[PDB]
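Okay, so here's the structure we're looking at.
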Amino acid sequence: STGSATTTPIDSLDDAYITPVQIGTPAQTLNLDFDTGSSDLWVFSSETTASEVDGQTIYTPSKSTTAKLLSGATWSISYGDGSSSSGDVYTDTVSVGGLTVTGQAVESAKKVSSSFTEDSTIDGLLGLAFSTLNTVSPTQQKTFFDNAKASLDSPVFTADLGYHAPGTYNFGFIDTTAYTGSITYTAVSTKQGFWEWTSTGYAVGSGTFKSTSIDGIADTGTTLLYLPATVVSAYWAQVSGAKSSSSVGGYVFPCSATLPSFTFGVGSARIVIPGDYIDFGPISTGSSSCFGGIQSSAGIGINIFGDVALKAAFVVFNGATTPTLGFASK
Ligand code: NA
């Protein structure tokens, strides 16, 4: 089997991407944030505290003939941005882009933090990291990918995120029409439960490539590119008037600037992030200070190749017995 679904930016900045997901019988379609940095599939639901719901579409298990309470199971998750959610668990039929899993754990939120409530466009998350990170207790649950894997034509999924445009998540196949050149594969460590890999270096604009190992994660659920402070300083030093602002919470730059590209290494291959991808616009409405898309990972404890990096590439998440990542230009 295979599946193929379009993923759409939630706003003009590509802050996140939503993908429609069918849950239950008859189908209830919710728009979920596919997150390769976490391992829970959780939804706004008929159980979510009413004051914490503001515009989201909810899953109502009582209206699904295939829903079953997973008795005694609870979940609770905290993300890198300080957001959180928790609740109970149902199993139900879940389909993505025509690929169906029966018996998928659907984590129903009883509580969500303010950042979720305030984002009316995201109805929940679909985690695509390794199932070792799944938070269901007392019986850990599998991701949608891990449950689908054995049925797929190939044990893979691909992320093809757009810049200010829709893109695609495919399951079970490589679309050889969706990228240019060849795919470079690189080793993955699953020790922390992430798609963790090592970039071979970077360049700023037209500058020379610096060969240096950068360990980080491929995380579709993180907006920005978080890298070591040395790398980030070297990037922003090429932008007149850029500075790190403790009041704003990272590097800002004059909205009048033209940003340089940023290149990262994948083995001997190179992925180029155009400068425009690094502009996250005014820090507040009408400001002439703009927020940067490359930020320091110092204090986060891991480097994160978030959407800024991933949307410059066609990315293969190879879930074979020995997982690997692939990157191609597009
Ligand atoms: Na922000």
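In the structure tokens, each chain is lettered A, B, ... as it comes, each chain's residues begin at 1, and ligands are numbered from 1 in order of appearance.
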| task | For ligand 1, list the contacting residues at 12 Å or closer, counting only C-alpha atoms and all ligand atoms, as a ChimeraX atom specification. | result | /A:13-16,81,115,222-224,248-252,279-284,290-293,295
| message | Residues near residue A:56, anyone? I mean within 7 Å using only C-alpha atoms, not counting same-chain ones fewer than 2 positions away, as a list in words. | response | residues 53, 54, 58, 120, 121, 122 and 123 of chain A
Using the selection just defined, write its residues with N, CA and C atoms as an mmCIF file, in the first residue's frame.
data_model
loop_
_atom_site.group_PDB
_atom_site.id
_atom_site.type_symbol
_atom_site.label_atom_id
_atom_site.label_comp_id
_atom_site.auth_asym_id
_atom_site.auth_seq_id
_atom_site.Cartn_x
_atom_site.Cartn_y
_atom_site.Cartn_z
ATOM 1 N N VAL A 53 -10.860 25.098 23.695
ATOM 2 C CA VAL A 53 -11.135 24.893 22.260
ATOM 3 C C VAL A 53 -11.577 26.245 21.702
ATOM 4 N N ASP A 54 -10.978 26.689 20.630
ATOM 5 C CA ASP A 54 -11.324 27.963 19.962
ATOM 6 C C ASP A 54 -11.169 27.809 18.447
ATOM 7 N N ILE A 58 -12.970 19.038 16.129
ATOM 8 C CA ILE A 58 -12.771 18.027 17.181
ATOM 9 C C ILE A 58 -13.130 16.645 16.677
ATOM 10 N N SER A 120 -6.146 28.089 15.856
ATOM 11 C CA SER A 120 -7.403 27.464 15.404
ATOM 12 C C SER A 120 -7.197 26.531 14.225
ATOM 13 N N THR A 121 -6.069 26.632 13.556
ATOM 14 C CA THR A 121 -5.838 25.893 12.301
ATOM 15 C C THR A 121 -5.286 24.505 12.550
ATOM 16 N N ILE A 122 -4.827 24.186 13.745
ATOM 17 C CA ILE A 122 -4.195 22.876 14.023
ATOM 18 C C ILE A 122 -5.110 22.103 14.936
ATOM 19 N N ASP A 123 -5.603 20.957 14.463
ATOM 20 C CA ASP A 123 -6.558 20.135 15.212
ATOM 21 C C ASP A 123 -5.883 19.052 16.014
#
| query | Running DSSP on the backbone, which parts of stretch 50-290 of chain A land in helix (DSSP H, G or I), as a PyMOL selection string? | reply | chain A and resi 50-52+61-63+114-118+131-133+144-151+229-236+275-278
Quick one: residues within 8 Å of residue A:138, only C-alpha atoms counted, chain neighbours fewer than 4 positions away excluded, as a PDB file with C-alpha atoms, in the first residue's frame?
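As a result, out_21.pdb now contains:
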ATOM      1  CA  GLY A  72      -6.747   2.803  31.527  1.00  0.00           C
ATOM      2  CA  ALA A  73      -4.417   4.458  29.038  1.00  0.00           C
ATOM      3  CA  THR A  74      -3.407   8.094  29.496  1.00  0.00           C
TER       4      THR A  74
END
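Considering only C-alpha atoms, the residue among A:71, A:78, A:45, A:100 positioned nearest to residue A:59 is A:45.
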| Hey, which of A:325, A:165, A:300, A:23 ends up closest to residue A:277? Count only C-alpha atoms. | A:165
| query | Do you have the atom CA of residue A:272-atom CA of residue A:18 distance handy? | reply | 24.3 Å
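With distances taken over only C-alpha atoms, A:221 is the one residue among A:256, A:221, A:32, A:275 lying closest to residue A:80.
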| Which parts of stretch 114-302 of chain A does DSSP call strand (DSSP E) when run on the backbone here, written out as number ranges by chain? | A: 124-127, 156-160, 167-171, 184-187, 196-204, 210-218, 225-227, 243-245, 250-254, 262-266, 269-273, 279-282, 289-292, 294-296
